[PDB]
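Structural features, examined
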Amino acid sequence: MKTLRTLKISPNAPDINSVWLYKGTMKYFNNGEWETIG
Amino acid sequence: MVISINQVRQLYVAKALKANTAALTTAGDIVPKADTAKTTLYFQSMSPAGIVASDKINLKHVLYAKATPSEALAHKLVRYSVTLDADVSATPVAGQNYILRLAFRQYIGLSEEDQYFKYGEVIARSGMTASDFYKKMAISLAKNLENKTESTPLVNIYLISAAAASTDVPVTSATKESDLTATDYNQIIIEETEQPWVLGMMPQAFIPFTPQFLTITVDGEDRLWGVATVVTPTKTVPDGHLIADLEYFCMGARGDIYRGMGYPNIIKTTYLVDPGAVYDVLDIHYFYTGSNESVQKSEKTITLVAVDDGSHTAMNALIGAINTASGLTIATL
């Protein structure tokens, strides 16, 4: 239900309503953390 | 040039140093003349037209007498070492316009409110090393600055192959990529240039500059792509063109102020300064004071010049003579 509709490329984390792209890793705010993806 | 005077300044060239008034045959000979009492001092000079003598110096009214070396009067050409800052990236970033802006403050005018901006551009590609980037940037800088079309010289671009960190590989709008066969280029030196000079109408000026960089998106953030740092200069502009305009000005005190003005009705002054040589200088400041109510001083400047062989042999013997003659103890630079 928590639907994200933005992605942000940056070296510092963006707002939690977006995904976090940084040089080979993407991260989304899950369980009060930025959960990487494998 | 025009200078500020402390009520007067005279110049005398010392081409050859003699020991007598009788040996003055050639137009640059000079003698420091004083009496055993060490109460006055004057110089007997050989002019294009006969002997002349300078105003007499009262050796009790000398304010200062210091000989400057030729090195002191050579304008050092400030040079930067331009690189790309390893914090943004140690290598070019493809698809980004690596622009470089060079600002010029004292452009044709003489104020700091008369600025001029010339640019250098390089768009990076994958597999582009740093040497390739510097090559391409120096080339784009030359084509815009060291061209056969710009009214004035602005900069001297160079390249340095890290294998030889001393030699400054030059670059001009004629230079082409293939003429630069090295792969260890690590900086783009940018040095100010000697501007054109003509005796008595165009003072020896320089156009100072600062390299301003621009932004590039590296990981989503607009960041500056390079760092410009000044390094100890290595090319100096001698004083030949400077002493020469000094003479041109200080010879209209002894002589004609109507220089070339009414062209055929003129007094043509013959000058002894070579604008392709390197002179030391010896300036002596003194004054005249009157009698019992005219105690006001009249400070008057007199300066002497002499070519430099690298060891200041001409001026050293010159003042050694003046010291044997006047008791003064000027220092032999």
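Residues numbered from 1 in each chain as written, not as in the entry; some residues may be left out. Chains lettered and ligands numbered in written order. Part of a larger assembly, values for the part shown. Heavy atoms only, no water.

Structure determination for this PDB entry is given in the record as cryo-EM, at a resolution of 3.01 Å.

**Some remarks on the environment of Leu333 of chain B**
Residue and element names in this part refer to chain B. Note the cut-off: Secondary structure counts use DSSP, requiring at least four H or I residues in a row for a helix and at least two E residues in a row for a strand, with both numbered from the N terminus. Burial status follows relative accessibility: with a 1.4 Å probe on protein chains alone, a residue under 20% of its type maximum counts as buried, one over 50% as exposed, and anything between as partly exposed. We call two residues in contact when some of their heavy atoms are within 4.5 Å.
Structurally, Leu333 is set in the segment after α4 (313-326). Residue classification places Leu333 among the partly exposed residues on the basis of a relative accessible area of 24%. The contacts of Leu333, once residues within four sequence positions are left out, are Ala67, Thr68, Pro69, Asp280, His312 and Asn316.

**Thoughts on α4 of chain B**
Residues and elements named next belong to chain B. In plain terms, the rule: Every helix has an expected span of 1.5 Å times one less than the residues it contains. By definition, the arc is the one covered by directions from the helix axis to the C-beta atoms.
Between the first and last C-alpha of α4 there are 20 Å, a value that for 14 residues agrees with the 20 Å anticipated at 1.5 Å per step. Within α4, burial applies to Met315, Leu318, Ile319, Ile322, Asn323, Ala325 and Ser326. Down the axis, α4 shows its buried residues gathered within 165 degrees of arc, on one side only. Buried positions along α4 lie against β2 (16-17), β3 (29-34), β4 (40-46), β20 (279-289) and β21 (297-307). Where α4 terminates, the next one or two residues include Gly327, which has phi positive at roughly 75 degrees.

**Overview of the environment of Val13 of chain B**
Residue and element names in this part refer to chain B. Relative to the assigned elements, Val13 resides in strand β1 (residues 9-13). Overall, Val13 belongs to the buried group, its relative accessible area being 8%. The spacing of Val13 and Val305 is 292 residues in sequence and 5.1 Å in space, taken between C-alpha atoms. If sequence neighbours within four positions are ignored, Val13 has contacts with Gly28, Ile30, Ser45, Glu247, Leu272, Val273 and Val305.

**Concerning the sheet that holds strand β7 (residues 62-68) of chain B**
All names here are of chain B. Put simply, the rule reads: Strands qualify as paired when DSSP identifies two bridges or more between them. The convention used is that axes are lines fitted to C-alpha atoms, helices contributing only their stretch in contact, and that angles between N-to-C directions extend from 0 to 180 degrees.
An order of β1-β21-β20-β7 is seen for the 4 strands of this open sheet, with the pairing classed as mixed. Sheet topology places β1 and β7 at the edges, where each strand pairs with a single neighbour. Between one strand axis and the next, the sheet turns through 15 degrees on average, direction left out of account. Bridge analysis of β20 against β21 gives 11 bridges, and the strand direction is antiparallel. Across the sheet, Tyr279 pairs through a bridge with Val307, a residue of β21. Sitting on the sheet, helix α3 (residues 240-254) touches β1, β20 and β21, and the angle it makes with β1 is about 115 degrees.

**Side note on the sheet that holds strand β14 (residues 185-192) of chain B**
Residues and elements named next belong to chain B. Read from one edge of the open sheet, 5 strands run β13-β12-β14-β9-β18, paired in antiparallel fashion. If you trace the sheet from one side to the other, it starts and ends with β13 (169-170) and β18 (226-231), each paired once. Alignment of strand β9 (residues 79-84) against β18, held across 6 bridges, turns out to be antiparallel. Residue pairing for β18: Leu84 is matched across the bridge by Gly226. Sitting on the sheet, helix α2 (residues 130-145) touches β9, β12 (155-161) and β14, and the angle it makes with β14 is about 20 degrees.

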